[PDB]
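Peer 1: Experimental coordinates follow, after the sequence.
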Amino acid sequence: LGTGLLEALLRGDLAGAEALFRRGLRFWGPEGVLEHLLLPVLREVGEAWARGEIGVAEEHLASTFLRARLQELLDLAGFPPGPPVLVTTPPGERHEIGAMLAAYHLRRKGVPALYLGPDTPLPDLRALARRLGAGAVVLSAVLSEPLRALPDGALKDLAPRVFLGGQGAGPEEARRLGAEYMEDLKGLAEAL
Amino acid sequence: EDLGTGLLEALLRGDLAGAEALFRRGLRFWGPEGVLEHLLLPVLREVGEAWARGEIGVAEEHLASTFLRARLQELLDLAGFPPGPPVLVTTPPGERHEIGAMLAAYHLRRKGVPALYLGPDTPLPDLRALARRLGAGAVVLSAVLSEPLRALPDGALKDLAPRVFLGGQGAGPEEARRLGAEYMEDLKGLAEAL
Amino acid sequence: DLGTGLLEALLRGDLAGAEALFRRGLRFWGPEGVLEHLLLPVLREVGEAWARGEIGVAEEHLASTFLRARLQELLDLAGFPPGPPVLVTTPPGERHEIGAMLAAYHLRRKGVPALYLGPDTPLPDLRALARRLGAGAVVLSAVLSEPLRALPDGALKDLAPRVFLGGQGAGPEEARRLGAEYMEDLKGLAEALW
Amino acid sequence: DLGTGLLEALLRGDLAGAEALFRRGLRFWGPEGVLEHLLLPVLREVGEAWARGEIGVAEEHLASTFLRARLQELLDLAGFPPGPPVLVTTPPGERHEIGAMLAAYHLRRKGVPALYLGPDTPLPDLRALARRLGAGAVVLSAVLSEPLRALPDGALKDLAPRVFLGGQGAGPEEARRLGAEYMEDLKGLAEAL
Ligand code: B12
Ligand code: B12
Ligand code: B12
Ligand code: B12
Ligand SMILES: C[C@H]1O[C@@H](n2cnc3c(N)ncnc32)[C@H](O)[C@@H]1O
Ligand SMILES: C[C@H]1O[C@@H](n2cnc3c(N)ncnc32)[C@H](O)[C@@H]1O
Ligand SMILES: C[C@H]1O[C@@H](n2cnc3c(N)ncnc32)[C@H](O)[C@@H]1O
Ligand SMILES: C[C@H]1O[C@@H](n2cnc3c(N)ncnc32)[C@H](O)[C@@H]1O
């Protein structure tokens, strides 16, 4: 399915790509299709670009497509009432699908995760959390560099709980920034 | 808007692929709740009226119903299922119309309530035992027909769970009161009351 | 074996856990394997446990409703090819539908357009739909024997150009009396029709 | 006003309410109409409110992300017809993507297979994908002027046999310098093809 989907995308067959994604969804289930189809295809797109096998426009097409599929699943999940959890990425972080995954996992567990989009200045994020009485903020870091650019303690009081995760993040950097480090998306809902 | 006619027609000619495409269009246009209200419900109602007029047979209704039930079940599984005390959702003994109960479960889950849809037609002692064993916060019943409610003794629903809700075309305030359930008119009011 | 874990998760209302275990079975054993080694044994065990007084009706309902939804997913994934449809249902008075769903699944897996109607379809209505859609066959699942016994000699004979009957409620003798082709194995079905 | 209601629902993080109001607009105005009467005015007002210091970036982000999801839904509902595709994106350094999405939507609604790439595509990569898909045209949305100004003379030439440039950041003179056809109106796009 992963191969088929990427091949369909690279020949501009959006309809066929959508059918293959839906097949993955029916077999693996919602979480499973993300783990077994969406994530491996995105990773492979990145590796192929890095090896010079595809260009940026091919990656863009695939990413935009898979982002739309995840957004579909996100809107089909519950959005419960009550204090929201704000989900975004650090300033300078333009990879948004990890944040979307975090929001999706939370919503699937009945947590009102408000996905903001990526790349939110910290004072503005803090102000929104405060004004909505958000119980937590969740950040996805794909790159390490946006975290490195932040001063010590910069995440510390965005909200009563601040969670940081993603391939760009680690325990030490979380500690330096004053966030709780989370390894697994499934641990997020537990923590809340 | 022509989607309802198109969907029914596709179903009646056994074009499941076409019917699925039309349902998906409705979903994209109206949203999850909207497609149920503006496509699924009107088509089922019209199927019932056509049958009652003698215009279609039972097999046609069955085909349509089975299809729409599967679409709603898809939406149900895509909604959140949170942890915590469940709400048990079913229909009264003798009530075999299940789509209203499925709708109730769907609306609850979309609002973050862990609605366990049991299927239809659950004996009251067995329902009570499951509620007790799972420590359910509530039971919700959909009554499409009035007759299964009329067959129940006064107060029969009273303490199935700490909260008991009754709704559907078969139910009214008076009958709810006689049976000891809280009457709900709107599916949207269900999540609120909880 | 995931069957115990799955049933246990279901009985405590852990839908997420139940779904994870079913998906694990799917990934390890595949669609056909999970039906034979997980779905069918759990349904059988649910029946035996009810019969022995160990679980109530609401527990069975929850498990059945869950597995029915999973099978409906597999049914839609097996796809609906073009061509004359095969109508799949159960006899009048037969409300156990999962056997019919299995038959539709096995047919679709072999490229046959099996239209699942849902259960419990009156024979004249079934015959009329088969005729109007130009169905090449009708397939019936009988779980109980009583609905078959209630039918007159030859009642299944001419529902469609080919009529197939199977399930635990059916046997060769009763199939012959009713004028249907008796089938034991679901995998033999597509070959018999071919 | 649905526009006021929708913005207010978004600003207080009421996604359910926001979705209901958007759906009402969609049912009343239809797909085209909801874009013109609801989606576009709200985005414009979000921009003005930010610029006046009335809302922060996180509020704009929430509104934009919501409307982008709704437009992506409309895009997929308009369908993706067969045939040589038209690639739709924004210039390198242009991160405003909703104009490009609109262009793709209008084209698809007229039966043109507009493949929306996402924003911010380097031109050699865009050229390669157009070539590989045998795309008949490329369409670019420029919201800012600066990403166009950074490009060399003729940089948009021959991305495909037809290259269209539009948006608030674009003008006839800059289109000419870059070797694109300038387009003012989204509805004129399908006509031009
Ligand atoms: C798509 C993509 C882009 C797109 C993103 C589009 C979008 N709107 O989202 C665009 C074009 C913007 C892009 C740009 C760039 N990217 Co890029 N791209 C990717 C790609 C192909 C996929 C991204 C993705 O969605 N992955 C899915 C991710 C999130 O999954 P994951 O990290 O495995 O996440 C898991 C866990 O971390 C967990 N998780 C994630 N978030 C969180 C949060 C919490 C709280 C928790 C508990 C868990 C959790 O969830 C996942 C489940 O397993 C990756 C390839 C890859 N990821 O390996 C790169 C990649 C990240 N990009 C890379 C690069 C180099 C770039 C650019 C610098 C390129 C450039 N010169 O322009 C820019 C940087 C832009 C920026 N400042 O952010 C590199 C980074 C390598 C590195 N760190 O050294 C990668 C790895 C590609 C590669 N092989 O070289 N990219
Ligand atoms: C499909 C169908 C069947 C199917 C059901 C299949 C299944 N597995 O669900 C089957 C074949 C089993 C069936 C059988 C029969 N049914 Co029938 N059938 C229908 C049909 C076409 C659609 C049912 C449906 O799903 N509708 C969608 C429902 C849920 O919408 P709704 O009821 O309007 O619900 C809305 C609200 O009431 C609310 N709601 C619902 N439940 C709840 C619960 C709460 C708490 C809340 C707040 C709200 C709420 O939400 C919905 C959206 O707004 C209807 C036609 C119709 N107009 O309803 C009949 C209909 C209900 N059936 C009818 C009849 C007569 C029968 C049979 C007696 C026929 C027969 N002799 O065999 C049997 C009875 C079986 C039994 N119950 O014991 C009649 C009932 C007439 C009456 N009471 O006056 C109807 C109305 C058809 C007609 N026009 O005559 N039926
Ligand atoms: C779920 C269930 C129900 C559900 C069904 C829900 C639904 N929407 O489908 C409900 C709650 C409605 C129900 C009700 C009742 N049921 Co019940 N229940 C079951 C249960 C637990 C599973 C049903 C199922 O899906 N079975 C799985 C089937 C598909 O597997 P299988 O029978 O082994 O079939 C194999 C082959 O036959 C083949 N196959 C099946 N069909 C076909 C068709 C063809 C063409 C081919 C080639 C092959 C084939 O596939 C399988 C393996 O390869 C069974 C237990 C069981 N079956 O062992 C009972 C069971 C069938 N029910 C039983 C009873 C007693 C009842 C009721 C009378 C209970 C009552 N109310 O008093 C009612 C009758 C309803 C009616 N039909 O009129 C009993 C007894 C049947 C009997 N003859 O003795 C059973 C066996 C449980 C028990 N141990 O007592 N039931
Ligand atoms: C949402 C938004 C963002 C988001 C975008 C998210 C996303 N993924 O798309 C983010 C946060 C990324 C953002 C960032 C910035 N943006 Co901004 N933001 C906006 C906002 C509020 C809406 C954008 C939008 O979708 N507009 C809808 C567009 C399509 O509306 P439109 O103008 O009516 O477009 C019409 C026509 O041009 C036509 N059209 C559009 N494209 C095309 C193409 C063709 C071929 C055709 C025929 C027609 C056509 O169709 C539309 C309807 O008729 C606008 C407000 C605005 N007035 O546009 C700004 C705005 C564009 N942003 C602005 C600024 C300053 C920024 C930043 C520099 C801020 C900063 N300091 O970081 C950055 C720059 C990032 C970059 N490199 O691109 C300013 C630009 C002012 C200027 N040009 O000097 C605006 C106007 C806000 C303001 N009032 O000050 N922004
Ligand atoms: C990590 C992803 O970033 C994309 N990428 C690499 N360079 C650029 C650029 N200049 N502009 C936009 N996207 C880029 C590639 O397609 C890669 O797959
Ligand atoms: C309410 C629905 O009940 C169905 N219906 C009517 N009579 C029967 C029967 N004998 N068996 C099964 N379903 C029946 C019809 O299809 C109608 O539309
Ligand atoms: C075959 C299955 O039928 C279910 N069953 C038994 N009696 C009833 C009833 N009155 N109503 C609904 N389901 C019932 C049991 O759960 C058993 O497991
Ligand atoms: C044009 C839009 O850009 C957003 N915006 C302004 N500055 C930044 C920044 N540093 N990072 C991210 N988004 C920003 C604002 O929210 C404005 O509404």
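Peer 2: Looks like it came in fine. Numbers count the residues shown, from 1 in each chain, chains lettered A, B, ... in the order given. Ligands and ions are numbered 1, 2, ... in the order given.
Peer 1: Backbone dihedrals for residue A:161, please?
Peer 2: Dihedral angles of residue A:161 (phi, psi; degrees, to the nearest 10) stand at phi -130, psi 130.
Peer 1: Contact partners for it?
Peer 2: Shown in contact with residue A:161 (Cβ atoms under 8 Å, 6 or more residues apart in numbering or on different chains): A:135, A:136, A:137, A:180, A:191, A:192. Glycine gets a C-beta too; all of them are placed from N, C-alpha and C.
Peer 1: what is it paired to in the beta sheet?
Peer 2: In this structure, residue A:161 has the following beta-bridge partners (DSSP bridges): residue A:136.
Peer 1: for chain C, what are the nearby residues on chain A?
Peer 2: Proximity of chain A to chain C is confined to A:23, A:26, A:27, A:28, A:29, A:32, A:36 under the rule Cβ under 8 Å from any Cβ of the partner chain.
Peer 1: which one among these gets closest to ligand 5?
Peer 2: Set against ligand 5, the nearest of these by Cβ to the nearest ligand atom is residue A:36 (20.8 Å).
Peer 1: measure the closest residue to residue A:55 other than its chain neighbours to ligand 3 for me?
Peer 2: With sequence-adjacent residues excluded and distances taken as Cβ to Cβ, 6 or more residues apart in numbering or on different chains, residue A:55 is closest to residue D:125, at 3.7 Å. Separation of residue D:125 from ligand 3 (Cβ to the nearest ligand atom, to the nearest Å) stands at 54 Å.
Peer 1: hey, where'd the helices end up in chain A?
Peer 2: If you assign secondary structure with DSSP state H, the helices in chain A sit at A:2-10, A:14-33, A:39-50, A:56-76, A:97-108, A:122-131, A:145-148, A:171-177, A:186-191.
Peer 1: tell me the most buried of the ones you listed?
Peer 2: Across these, the average number of neighbours (mean count of other Cβ atoms under 10 Å in any protein chain shown) peaks for helix A:97-108, which reaches a mean of 25.
Peer 1: For that helix, which outside residues touch it?
Peer 2: Identification of contacts with helix A:97-108 by Cβ under 8 Å, 6+ apart yields A:30-31, A:34, A:38, A:42, A:63, A:66-67, A:70-71, A:73-74, A:77-79, A:85, A:87-89, A:112-115, A:118, A:138-142, A:165-167, A:185-186, A:188-189, A:192, B:80-81.
Peer 1: of the contacts of residue A:161, buried ones?
Peer 2: Neighbour-count burial (16 or more other Cβ atoms under 10 Å in any protein chain shown) applied to the contacts of residue A:161 gives A:135, A:136, A:137, A:180, A:192.
Peer 1: wait, the second one sits on residue A:157?
Peer 2: So that's residue A:136. No. Taking Cβ atoms under 8 Å as the contact criterion, residue A:136 and residue A:157 are not neighbours in contact, 12.0 Å apart.
Peer 1: joint contacts of the two?
Peer 2: Taking Cβ under 8 Å, 6+ apart as the contact rule, residue A:136 and residue A:157 touch no residue in common.
Peer 1: Just flag the most distant two among the buried ones among the contacts of residue A:161.
Peer 2: A:135 and A:180 (13.1 Å; Cβ to Cβ).
Peer 1: What degree of burial does residue A:91 show, as a neighbour count?
Peer 2: Neighbours of residue A:91 under the rule other Cβ atoms under 10 Å in any protein chain shown: 18.
Peer 1: quick one, what contacts it?
Peer 2: Residue A:91 makes contact with A:119, A:120, A:121, A:122, A:146, A:149, A:150, according to Cβ under 8 Å, 6+ apart.
Peer 1: List, out of the contacts of helix A:97-108, those positioned next to ligand 1.
Peer 2: The subset of the contacts of helix A:97-108 within reach of ligand 1, counting by Cβ under 6 Å from any ligand atom, consists of A:42, A:63, A:138, A:140, A:142, A:165, A:166, A:167, A:185, A:188.
Peer 1: Out of those residues, who's the most crowded?
Peer 2: residue A:138 (33 neighbours).
Peer 1: Isn't that residue up against residue A:187?
Peer 2: No. Counting by Cβ under 8 Å, residue A:138 stays clear of residue A:187, with 11.6 Å between them.
Peer 1: How is chain A partitioned into domains?
Peer 2: Residue ranges for each domain of chain A read A:1-76, A:85-191, as given by curated CATH domains.
Peer 1: possible to save these as TSV with distance to ligand 6?
Peer 2: Below are the domains of chain A laid out as TSV (distance: least, Cβ to the nearest ligand atom, whole Å):
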stretch	distance to ligand 6
domain A:1-76	28
domain A:85-191	35
